[PDB]
Visitor: 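Take a look at this one; I'll ask things after.
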Amino acid sequence: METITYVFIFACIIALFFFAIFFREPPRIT
Amino acid sequence: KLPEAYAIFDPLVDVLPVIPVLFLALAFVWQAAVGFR
Amino acid sequence: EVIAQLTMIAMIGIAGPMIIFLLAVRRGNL
Amino acid sequence: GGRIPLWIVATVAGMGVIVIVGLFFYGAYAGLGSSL
Amino acid sequence: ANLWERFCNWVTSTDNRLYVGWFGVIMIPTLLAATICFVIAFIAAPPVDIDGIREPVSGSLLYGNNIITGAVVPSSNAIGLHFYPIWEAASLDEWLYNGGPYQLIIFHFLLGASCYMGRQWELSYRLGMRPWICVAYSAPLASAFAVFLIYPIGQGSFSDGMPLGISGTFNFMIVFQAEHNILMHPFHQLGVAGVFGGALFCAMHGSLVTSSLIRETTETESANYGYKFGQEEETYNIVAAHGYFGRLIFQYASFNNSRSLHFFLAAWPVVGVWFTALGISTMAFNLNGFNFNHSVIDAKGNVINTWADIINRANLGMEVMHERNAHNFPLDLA
Amino acid sequence: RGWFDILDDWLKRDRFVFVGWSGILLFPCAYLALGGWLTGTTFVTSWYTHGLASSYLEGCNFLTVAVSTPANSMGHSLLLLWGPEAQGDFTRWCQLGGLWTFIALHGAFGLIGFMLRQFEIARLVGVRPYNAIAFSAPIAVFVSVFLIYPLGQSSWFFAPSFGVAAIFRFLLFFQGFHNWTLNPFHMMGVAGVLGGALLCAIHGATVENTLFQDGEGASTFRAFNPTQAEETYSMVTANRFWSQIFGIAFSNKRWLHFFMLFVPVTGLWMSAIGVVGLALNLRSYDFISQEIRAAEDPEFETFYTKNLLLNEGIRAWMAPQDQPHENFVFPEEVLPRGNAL
Amino acid sequence: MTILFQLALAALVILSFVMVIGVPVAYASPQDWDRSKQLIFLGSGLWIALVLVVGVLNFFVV
Amino acid sequence: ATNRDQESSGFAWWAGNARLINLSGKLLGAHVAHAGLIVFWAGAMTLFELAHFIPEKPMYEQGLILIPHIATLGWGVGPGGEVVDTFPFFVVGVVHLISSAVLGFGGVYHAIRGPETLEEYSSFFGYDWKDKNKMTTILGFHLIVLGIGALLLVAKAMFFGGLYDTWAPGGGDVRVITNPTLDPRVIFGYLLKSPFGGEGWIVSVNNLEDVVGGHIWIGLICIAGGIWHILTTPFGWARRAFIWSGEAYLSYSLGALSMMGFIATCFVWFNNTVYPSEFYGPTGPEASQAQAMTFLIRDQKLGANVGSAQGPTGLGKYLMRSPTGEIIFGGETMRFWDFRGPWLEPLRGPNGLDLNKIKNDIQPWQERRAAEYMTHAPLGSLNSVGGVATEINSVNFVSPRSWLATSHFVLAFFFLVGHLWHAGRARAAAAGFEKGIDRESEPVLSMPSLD
Amino acid sequence: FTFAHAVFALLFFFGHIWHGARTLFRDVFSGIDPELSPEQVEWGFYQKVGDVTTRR
Ligand code: CLA
Ligand code: CLA
Ligand code: CLA
Ligand code: CLA
Ligand SMILES: C=Cc1c(C)c2cc3nc(c4c5[nH]c(cc6nc(cc1[nH]2)C(C)=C6CC)c(C)c5C(=O)[C@@H]4C(=O)OC)[C@@H](CCC(=O)OC/C=C(\C)CCC[C@H](C)CCC[C@H](C)CCCC(C)C)[C@@H]3C
Ligand SMILES: CC1=C(/C=C/C(C)=C/C=C/C(C)=C/C=C/C=C(C)/C=C/C=C(C)/C=C/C2=C(C)CCCC2(C)C)C(C)(C)CCC1
Ligand SMILES: CC1=C(/C=C/C(C)=C/C=C/C(C)=C/C=C/C=C(C)/C=C/C=C(C)/C=C/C2=C(C)CCCC2(C)C)C(C)(C)CCC1
Ligand SMILES: CC1=C(/C=C/C(C)=C/C=C/C(C)=C/C=C/C=C(C)/C=C/C=C(C)/C=C/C2=C(C)CCCC2(C)C)C(C)(C)CCC1
Ligand SMILES: CC1=C(/C=C/C(C)=C/C=C/C(C)=C/C=C/C=C(C)/C=C/C=C(C)/C=C/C2=C(C)CCCC2(C)C)C(C)(C)CCC1
Ligand code: OEY
Ligand SMILES: [Cl-]
Ligand SMILES: [Cl-]
Ligand SMILES: [Fe+2]
């Protein structure tokens, strides 16, 4: 169970990365 | 040892290798002279 | 012995600043 | 107020520290603290 | 145009969400191969005989590790500095036993991060920027080359390279202290100044700029909305930050030129970390930290211990226990 | 104008070195922390407290001089010069370690003074006091390491001695007895310091490499007027660079400098907390699961077990001389050692 | 001729020592490009001769 | 104000040597004067080493880095590297040092008196950085000069007394080379060797024939390239690939020098042919192999059968197999089994170390060398306490190999930084945005958003 | 008990600093005055730091 848990958290972070790059709030020039 | 003829120059010879560092220092004495224009 | 060493390097060392000094008096081309 | 040029005091003062420090490294090899 | 020109134009395009570039053509494959191997070895690779003494160290999560203890283990001392590609093994099983993943990961990683650095230059050229961010990155890059490549070379073995793990790194640091007295090495003292000072100046700059933010918001909204992206004008009063900080210390220990202040921020940590990467890189060749062991003695000749001698007793503790089964002869000469 | 008001006037005068009310605390305690350090690393021994030399006078160099902690037998005494131990005798005070408490406590009140000075100057100039707030992390470190940690231990003996190599010894003590590298509070502190160093370097380099051409010479420093309105570098080109190089980028200058404050300040605070634990020997020393397996399975080895073996060598090899007051006698045959070495 | 080689040798050294300070001051002083042309061109041949003379004397003492 | 201040030249004092970029005559003086400094140091240092040199101590016990370079060239040395005539050291010393003064003189003249710029005084010496024909011609001249230099080494080896040959029997001796290796299968086989363990790229060159023959090829290669470039102009492809500027050429050479310092570093660390251990002390690998040899010898004398002794791990305590089966020394030194040295190769057989030779044929000179080398391993502290980091003060030693390898790694690293700095700047300056971004035409502002 | 309270005491020091500053600097919590001149922060203009009444 502990291996699954460490792997799951690591895998959530990689998915965070993807959304934070590709689905960021686009910076725009007000 | 040096050749015994040049023994009286042993202490000159001990200090000679550091002379190139004094050139670097001399450049700063010089720019201080010209006020770092 | 070491006064020999220190007296040589005393003279060699001041040699540089003196050049700068002389060239200032003559309003040399510093 | 400025009779001695700054570039001179700099050189004098520098070679003064160089000496003091130079001496401290000498003492690292002589007398107390030299392992001898 | 022709096909090669379309490709060149896509490769170097400043309109791609992530810049690719010529350096990026080498970086992408090499970083991907390093990362995939690393993730899979960290989770599933079987024990590795790091020290070449048929005494395998388990590094992976499935063989009873956690995040803190796990590692990709350096390759066998029996291999030394020999190249150990997968295809030089008789089987994957032999490759896993002898630590091949480590070689594959660090070489692809060093290459990709070398090209990460060149990519930084390259994108800055396409954008019309000044080019020296990549110089800044050279400090961390140089550091990584030291623990993963230079130090193996000096010592004859990638088995003495820094492990890819949290506890493996600590192992590396302790052993390094016993064999090199890195704490007594000025280049590491310069590294610590680099990173303590880096953090100091980081906190200072952030605190000082934040102190002098221009009232542009109400007390119920984040002050951060006082800044609008791209905006022409500055959002803090540097004159005010100087006036505060010059009084904190004195007027000329404080910066009033923003460019000189930011160049100082860049240079202080970068230089310090260069020195500490040079520290590892020259201790790789056994020019070690200062040795003041039994340096003070009394008129008779008894040793009068100093803090250096106390450090040396710790060092000896690390020396005599590390790799406890790998020494047959009395001096640990590599 | 009352006399308090006239004294305010003079203390808050614009001079080369601002004084303030906070000065009355800051300058005297700071000078004496500094002074007693210089004095004590130049002239004072650790022979009676530690069995060590520790001054230039004895032949130590800049790296090995220390003002060393008082003997363990003093407990947590304040070691006042006029107190029961030294009884007003200056020489005996120096010899029993009084300069350590002198430095420790004058330094503490000087740090107070400095933070108040940060507050006092902020108020008069009219800026927000985020710098004083940032100074709270150095104070948490100093208090945790130098005061709280020994107060939980047997005596001031085990606080840090004020010296370059004395501090290195402290580092290694903490590895061998506390396994402090394994401690998550230290790990967060490492992240904040190395991360702050990172922010420091990357921010400085970005500004330097996105500058606008505001002059015509190759020395770019002279194209900045502290009173100009305009940003001196391009946030927009900075953002695009890092967006395409690293995938994300700052877009907000305020948040960026607030983050620079936050990261190293929060990291030192986290490390302070771990040291408060260690005051009590409440360490993250072991992983129980690894130990139960290792005890039962002689073929199970990890970097975690390899490091404890090193810890074990540090403790036994260094303790007799590092804690002389314990009169530890370890025969050769009990010393842990691997093969040959 | 032992003492005669030490003669030439400190000649070299007391000539180098002059030529070292003198040549750069001579050069960056505007006054005497010509008043000092002869000086340096002489000390030069003098320097060289001294080196050569010391070079042959070595093989009579060293 | 002939440049020489910041208002006119655009560079501040701390980058004042960039004021010289387009002052060919002052720039010529800076280089000659600086060459002066290099040849001065060769001269002062050698004499310094001579004054401090005791011929009865090994070179490596006395902090010497330049005299070992002279000894390797075959001067002043006899069998086993014994010093037999110090006079040549003196000569190298004085001649360089004398020579520094003429160099000295020439640089200070050009940097002060002479024309600041050369291009109107004589059309041959003056140059424009952007003249692609003039640059390749200077390159060609220097190429030829280098090629000659390489052939000077060949001349010393073949016609003028030979080179120290650590592999020459009887324990090493100077020796004239008569059959240099010309087969380019060998000479250029070294270039295609892996730089990894057991191959060593060109660092592995282990005999003086290959060394001399490589320098015939390189000399002739440089002389032929010199002519090439003197007669040619860069082709279309090369013009479109490079930046043609003073600073870019500088960055190309900083690149080159960096690469070379790193190679030097590994040369002095691993190679015991053109850095003989007689002179430089043992290599790190050598010292560690020597330790295992020393303790093999001691225990065999006591009665140990060293081929059948199982150590604690299950591997042989003295001898084990490398991963391709060779008999090698055991213990940690298993990483060093690639080591080859004259003291050790007599025990080597077709399958590696030969147990019959180990049981019968170890001579006292091998025992001595192995003990000497084990106790001059290149470990020491920065203040020159010899040994491991935990050693007590007493032995005042740091191996020349450590000094030469650490100094040149440091140097090669900073010269790679220099490359990146100046290459980057040269590209920016050529594109015209090295002073910053043009507010009125900011490039990113004319680009579409990423998202 | 001891661990938690010493830890909590330490953190609460930081809250004292945070809330103390916000009381004494409430006026500029949202930012510094956008119309503040160097006569007020630069050196010498005022004999007492901050006091506009101290010209020259
Ligand atoms: C200091 C030495 C030096 C320098 C700086 C130059 C510089 C130059 N040479 Mg010259 N050259 C030299 C020595 C030198 N040469 C010598 C000694 C020879 C004799 C063989 C030549 C022969 C020569 C020829 C025949 C040509 C040049 C050309 C050029 C120009 C283009 C070079 C180029 O593209 O770089 C190299 C850049 C490349 C992109 C080449 C890519 C090849 C790969 C990436 C490198 C690996 C190949 C390598 C040579 C072999 C591998 C060794 C490996 C095992 C380590 C440039 C001005 C060219 C020119 O325009 O002539 C007028 C040309 O055609 N040179
Ligand atoms: C190897 C080191 C080196 C060399 C060769 C040079 C050389 C040069 N520099 Mg650079 N420089 C250096 C280091 C060096 N510098 C460093 C470290 C700094 C930073 C402080 C600078 C900062 C700098 C600036 C700011 C400027 C130069 C300039 C120059 C050039 C003209 C200088 C001039 O007018 O002197 C004038 C000074 C004097 C006449 C005073 C005396 C100098 C002489 C040469 C002393 C020689 C002493 C020697 C012992 C002679 C006796 C030996 C004899 C027997 C042979 C010249 C080619 C200038 C330039 O580019 O001009 C356009 C310029 O403006 N440099
Ligand atoms: C690469 C270095 C170099 C270069 C390119 C130049 C180039 C120049 N110099 Mg400088 N100069 C140098 C070094 C250099 N000099 C040195 C070292 C000195 C001091 C000895 C001088 C002293 C000097 C003075 C005092 C004057 C010049 C002048 C000139 C110009 C004309 C020279 C001429 O026509 O000679 C023609 C060439 C010859 C007659 C060829 C024979 C010269 C020797 C014998 C060549 C031997 C090469 C050597 C053996 C190779 C090995 C060197 C070393 C590795 C051992 C020209 C711009 C003149 C000037 O500026 O105009 C007023 C001038 O008055 N130079
Ligand atoms: C005819 C053209 C020519 C030649 C042959 C040289 C030769 C040389 N120059 Mg170059 N130079 C030239 C034109 C030339 N220069 C021009 C036109 C400029 C621009 C004005 C420069 C600018 C320049 C600079 C800036 C510098 C040089 C330097 C050097 C020397 C390199 C030191 C070296 O590698 O020695 C190491 C030793 C070896 C590589 C081997 C041994 C040396 C051999 C025996 C010398 C033989 C040289 C001889 C003249 C060549 C034969 C004729 C040839 C045409 C076939 C070398 C003697 C450097 C120097 O030291 O000058 C003081 C330097 O800093 N040069
Ligand atoms: C080794 C680490 C280290 C040192 C030496 C250091 C030093 C300093 N930091 C300061 C400031 C700061 N530091 C900050 C964040 C940080 N500071 C950090 C790390 C350090 N900071 C880190 C890592 C951070 C990130 C959070 C901020 C935000 C500030 C400031 O605003 C302030 C400043 O102006 O920065 C430039 C200055 C405080 C001036 C003062 O109190 O004077 C008064 C002096 C007194 C009261 C004496 C202190 C007595 C000491 C505590 C004990 C005696 C010590 C001996 C004299 C010396 C012993 C030496 C041996 C131990 C080797 C001072 C230069
Ligand atoms: C070989 C020989 C010779 C020659 C020699 C020579 C060539 C010399 C040189 C010399 C030199 C070459 C010297 C120089 C010196 C210098 C100096 C001594 C400097 C110092 C510096 C300083 C001290 C600095 C300071 C400063 C300043 C100024 C500014 C800024 C700041 C500072 C602080 C940095 C003779 C003749 C004897 C003879 C015998 C042999
Ligand atoms: C304790 C006490 C006290 C007080 C004291 C004090 C206050 C003192 C002072 C003292 C001091 C106040 C001193 C000072 C000192 C100083 C020093 C000793 C310094 C030195 C330095 C140096 C040596 C430096 C140099 C350098 C370097 C190192 C590097 C870079 C460069 C230079 C050059 C800068 C009292 C009274 C209460 C009494 C009781 C107790
Ligand atoms: C340009 C310039 C510069 C630089 C300079 C230089 C780098 C120089 C060089 C110079 C040089 C490089 C010089 C040299 C000289 C040398 C000499 C002066 C020599 C002499 C020799 C002799 C006299 C010898 C003798 C002897 C013998 C034979 C035997 C043994 C003993 C004896 C050693 C005594 C500077 C940065 C400052 C500044 C600006 C400009
Ligand atoms: C002497 C000797 C020898 C030999 C030698 C030889 C024969 C060598 C060769 C050498 C070589 C043969 C080298 C080569 C090199 C190459 C290089 C180093 C290259 C580079 C290139 C580059 C750098 C490129 C770049 C680029 C690209 C790629 C793209 C576009 C852009 C650019 C152009 C930038 C031996 C070892 C046997 C032995 C001993 C001695
Ligand atoms: O430090 Mn100790 O030394 Ca460099 O090797 Mn010899 O022992 Mn082992 O393998 Mn990793 O570690
Ligand atoms: Cl270990
Ligand atoms: Cl071993
Ligand atoms: Fe900033």
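Below, chain A is the first sequence line, B the second, and so on; all start at residue 1. Only this structure's heavy atoms are used, side chains among them; waters, hydrogens and symmetry mates stay out.
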Visitor: Could you look at F/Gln228 and say if it's the side chain, the backbone, both or neither that has a heavy atom under 4.5 Å from chain E?
Guide: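 Contact with chain E is absent: no heavy atom of F/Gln228 under 4.5 Å.
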Visitor: In terms of heavy-atom proximity below 4.5 Å to chain E, should F/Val193 be classed as side chain, backbone, both, or neither?
Guide: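 For F/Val193, the contact with chain E is made by backbone and side chain together.
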Visitor: Please flag which part of E/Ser295 lies under 4.5 Å from any non-hydrogen atom of chain F: side chain, backbone, both or neither.
Guide: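 For E/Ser295, neither part sits under 4.5 Å from chain F.
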Visitor: Using the salt bridge (charged side-chain N to carboxylate O under 4.0 Å, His left out) criterion, which residues pair with E/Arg259? Sequence neighbours excluded.
Guide: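 With neighbours one apart ignored, the set is F/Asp214.
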Visitor: Quick check on E/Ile50 against chain F: is it the side chain, the backbone, both or neither that has a heavy atom closer than 4.5 Å?
Guide: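 Contact with chain F involves the side chain of E/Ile50 alone.
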Visitor: Restricting to non-hydrogen atoms, name the atom on E/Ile249 and the atom on F/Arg117 that form the minimum distance, rounded to 0.1 Å.
Guide: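 E/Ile249 and F/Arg117 have their closest heavy atoms at O-NH2, 4.3 Å.
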Visitor: Identify which of F/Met260, F/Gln244, F/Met318 forms the greatest number of heavy-atom pairs closer than 4.5 Å to chain E.
Guide: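 So the answer, after comparing F/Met260, F/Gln244, F/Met318, is F/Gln244.
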Visitor: So do the side chains of E/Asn171 and F/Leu310 get within less than 4.5 Å of each other, counting heavy atoms only?
Guide: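 A side-chain contact under 4.5 Å exists here.
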Visitor: Is it the side chain or the backbone of E/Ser222 that comes within 4.5 Å of chain F heavy atoms, both, or neither?
Guide: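 Interface part for E/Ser222: neither.
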Visitor: If we define contacts as heavy-atom pairs under 4.5 Å, which of F/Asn209, F/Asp322, F/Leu341 has the most with chain E?
Guide: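 So the answer, after comparing F/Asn209, F/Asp322, F/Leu341, is F/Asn209.
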Visitor: Heavy-atom distances under 4.5 Å only: say whether E/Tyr63 touches chain F with side chain, backbone, both or neither.
Guide: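 Contact with chain F involves the backbone of E/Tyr63 alone.
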Visitor: Sort F/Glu230 into side chain, backbone, both or neither according to what part of it lies under 4.5 angstrom from a heavy atom of chain E.
Guide: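 Contact with chain E is through both the backbone and side chain of F/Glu230.
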Visitor: Please flag which part of F/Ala134 lies under 4.5 Å from any non-hydrogen atom of chain E: side chain, backbone, both or neither.
Guide: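 Contact with chain E involves the side chain of F/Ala134 alone.
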Visitor: With a 4.5 angstrom heavy-atom cut-off, is it the side chain or the backbone of E/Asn181 that approaches chain F, or both, or neither?
Guide: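 E/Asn181 has no heavy atom closer than 4.5 Å to chain F.
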Visitor: Select one option (side chain, backbone, both, neither) describing which atoms of F/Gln118 are under 4.5 Å from chain E's heavy atoms.
Guide: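 F/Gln118 touches chain E through backbone and side-chain heavy atoms alike.
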Visitor: Sort out for me which of F/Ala122, F/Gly126, F/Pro138 touches chain E most, counting heavy-atom pairs under 4.5 Å.
Guide: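 Most heavy-atom pairs within the cutoff with chain E belong to F/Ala122.
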Visitor: I'd like to know whether CZ of F/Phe246 has more than 12 heavy-atom contacts from other residues, nucleotides or ligands below 6.0 angstrom.
Guide: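 It does not: F/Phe246 CZ has 12 such atoms or fewer within range.
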Visitor: Applying ring-ring contact (aromatic ring centres under 6.0 Å, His included), which residue pairs with at least one partner in residues 298-321 of chain F are found, sequence neighbours left out?
Guide: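 For residues 298-321 of chain F, and leaving out neighbouring residues, the ring-ring contact (aromatic ring centres under 6.0 Å, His included) pairs sorted by first residue read F/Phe287-F/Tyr304.
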Visitor: When you compare the side chain of F/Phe250 with that of F/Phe259, does any pair of heavy atoms fall below 4.5 Å?
Guide: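 With C-beta onward as the side chain, the pair touches.
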Visitor: Does the ring center of E/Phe292 lie less than 6.0 Å from the ring center of E/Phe290?
Guide: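 Ring-ring flag for E/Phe292/E/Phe290: true, centres closer than 6.0 Å.
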Visitor: Non-hydrogen atoms of chain F under 4.5 Å away: do they reach the side chain of E/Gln189, the backbone, both or neither?
Guide: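 Contact with chain F involves the side chain of E/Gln189 alone.
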Visitor: Heavy-atom cut-off 4.5 Å, strictly under: side chain, backbone, both or neither for F/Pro129 against chain E?
Guide: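 Answer is backbone: N, CA, C or O of F/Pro129 sit under 4.5 Å from chain E.
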Visitor: Which label fits E/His262 and E/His205: parallel for a plane angle under 30°, tilted from 30 to 60°, or perpendicular past 60°?
Guide: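 E/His262 vs E/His205 ring planes: perpendicular.
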Visitor: With only heavy atoms counted, which part of F/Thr232 is less than 4.5 Å from chain E, the side chain, the backbone, both or neither?
Guide: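 Both backbone and side chain.
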Visitor: Would you check if E/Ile238 and E/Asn256 make a side-chain contact, meaning some heavy-atom pair closer than 4.5 Å?
Guide: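 Side chain of E/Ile238 against side chain of E/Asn256, heavy atoms only: no contact under 4.5 Å found.
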Visitor: So what's closer than 4.5 Å to chain E heavy atoms on F/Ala238: side chain, backbone, both or neither?
Guide: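 The answer is neither part of F/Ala238.
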Visitor: Heavy-atom pairs under 4.5 Å with chain E - which of F/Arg293, F/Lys306, F/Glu312, F/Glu299 has more of them than the others?
Guide: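 The option with the most such pairs is F/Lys306.
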Visitor: With under 30° as parallel and over 60° as perpendicular, where do the rings of E/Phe250 and F/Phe16 fit, or are they tilted in between?
Guide: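 Parallel, since the angle between the ring planes stays under 30°.
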Visitor: Given a strict heavy-atom distance threshold of 4.5 Å, which part of F/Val125 is in contact with chain E: side chain, backbone, both, or neither?
Guide: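 Contact with chain E: side chain only.
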Visitor: Is the distance between the ring centroids of E/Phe264 and E/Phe201 under 6.0 Å?
Guide: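 Judged by ring-centre distance (under 6.0 Å), E/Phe264 and E/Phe201 do meet the cut-off.
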Visitor: Between F/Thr220, F/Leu199, F/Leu256, F/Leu171, who has the most heavy-atom pairs with chain E when the cutoff is under 4.5 Å?
Guide: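 Most pairs with chain E among the choices: F/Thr220.
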Visitor: Given heavy-atom pairs under 4.5 angstrom as the criterion, report whether the side chain, backbone, both or neither of F/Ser289 touches chain E.
Guide: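 Neither part, no heavy atoms under 4.5 Å.
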Visitor: For E/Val57, is it the side chain, the backbone, both or neither that has a heavy atom under 4.5 Å from a heavy atom of chain F?
Guide: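 Both parts, heavy atoms under 4.5 Å.
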Visitor: Which atoms of F/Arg169 are under 4.5 Å from chain E, going by heavy atoms: the side chain, the backbone, both sets, or neither?
Guide: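 Contact with chain E: backbone and side chain both.
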Visitor: Sort F/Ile245 into side chain, backbone, both or neither according to what part of it lies under 4.5 angstrom from a heavy atom of chain E.
Guide: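 Both parts, heavy atoms under 4.5 Å.
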Visitor: Where the side chain of F/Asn307 meets the backbone of E/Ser167, is there a donor-acceptor pair that is under 3.5 Å apart?
Guide: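 Judged by distance alone, yes, a pair lies under 3.5 Å.
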Visitor: When you look at F/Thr206 and F/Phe241, which way does the side chain to side chain contact (heavy atoms under 4.5 Å, CB included) test go after all the steps?
Guide: CA-CA 9 Å; F/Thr206 293; F/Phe241 177 76; 5.6 Å; no
Visitor: Do E/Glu234 and F/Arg254 sit within salt-bridge range, that is, some charged N less than 4.0 Å from a carboxylate O?
Guide: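 Salt bridge flag = no for F/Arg254 with E/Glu234.
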Visitor: State whether F/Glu231 and F/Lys253 are salt-bridged, where the test is any N-O pair (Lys NZ or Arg NE/NH1/NH2 against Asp/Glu carboxylate O) under 4.0 Å.
Guide: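 Judged by the 4.0 Å cut-off on N to carboxylate O distance, F/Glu231 and F/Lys253 do not form a salt bridge.
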Visitor: Please classify the contact of E/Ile68 with chain F as side chain, backbone, both or neither, using a heavy-atom distance under 4.5 Å.
Guide: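 Answer is side chain: those atoms of E/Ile68 sit under 4.5 Å from chain F.
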Visitor: Heavy-atom distance under 4.5 Å between the side chains of E/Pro56 and E/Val48, does that happen here?
Guide: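 Answer no - side chains too far apart.
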Visitor: Answer with side chain, backbone, both or neither: which region of E/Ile214 has an atom nearer than 4.5 Å to a non-hydrogen atom of chain F?
Guide: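 Both parts, backbone and side chain.
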Visitor: Between E/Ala136 and chain F, which part of the residue has a heavy atom less than 4.5 Å away: side chain, backbone, both or neither?
Guide: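 Contact with chain F involves the side chain of E/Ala136 alone.
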Visitor: Side chain to side chain contact (heavy atoms under 4.5 Å, CB included), that's the test. Do F/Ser161 and F/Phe170 meet it? Break it down for me.
Guide: CA-CA 8 Å; F/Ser161 298; F/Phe170 191 75; over 6 Å; no
Visitor: Between E/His242, E/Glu55, E/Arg119, who has the most heavy-atom pairs with chain F when the cutoff is under 4.5 Å?
Guide: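 Ranked by contacts with chain F, first place is E/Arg119.
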Visitor: When only pairs under 4.5 Å are counted, which of F/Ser251, F/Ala165, F/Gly59 shares the most heavy-atom pairs with chain E?
Guide: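 Most heavy-atom pairs within the cutoff with chain E belong to F/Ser251.
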Visitor: Can you tell which part of E/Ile174 gets under 4.5 Å to a heavy atom of chain F, answering side chain, backbone, both or neither?
Guide: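 Only the side chain of E/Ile174 comes within 4.5 Å of chain F.
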Visitor: Does any backbone or side-chain atom of E/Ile297 lie under 4.5 Å from a heavy atom of chain F? Answer side chain, backbone, both or neither.
Guide: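 Neither; nothing under 4.5 Å.
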Visitor: Below 4.5 Å from any heavy atom of chain E, which atoms of F/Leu124 appear? Answer side chain, backbone, both or neither.
Guide: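 Contact with chain E is absent: no heavy atom of F/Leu124 under 4.5 Å.
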Visitor: Under a 4.5 Å heavy-atom cut-off, does chain E meet the side chain of F/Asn225, its backbone, both or neither?
Guide: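 Neither; nothing under 4.5 Å.
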Visitor: Please answer whether the main-chain N or O of F/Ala197 pairs with a side-chain N or O of E/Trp268 as donor and acceptor at a distance below 3.5 Å.
Guide: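 It does not hold such a pair.
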Visitor: Go through the atoms of E/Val296 and report whether side chain, backbone, both or neither lie under 4.5 Å from a heavy atom of chain F.
Guide: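 Just the side chain, heavy atoms under 4.5 Å.
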Visitor: Under a 4.5 Å heavy-atom cut-off, does chain F meet the side chain of E/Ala71, its backbone, both or neither?
Guide: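 Only the side chain of E/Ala71 comes within 4.5 Å of chain F.
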Visitor: Go through F/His203 and F/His257 one step at a time and tell me if the side chain to side chain contact (heavy atoms under 4.5 Å, CB included) criterion holds.
Guide: CA-CA 9 Å; F/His203 173 48; F/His257 296 82; 3.4 Å; yes
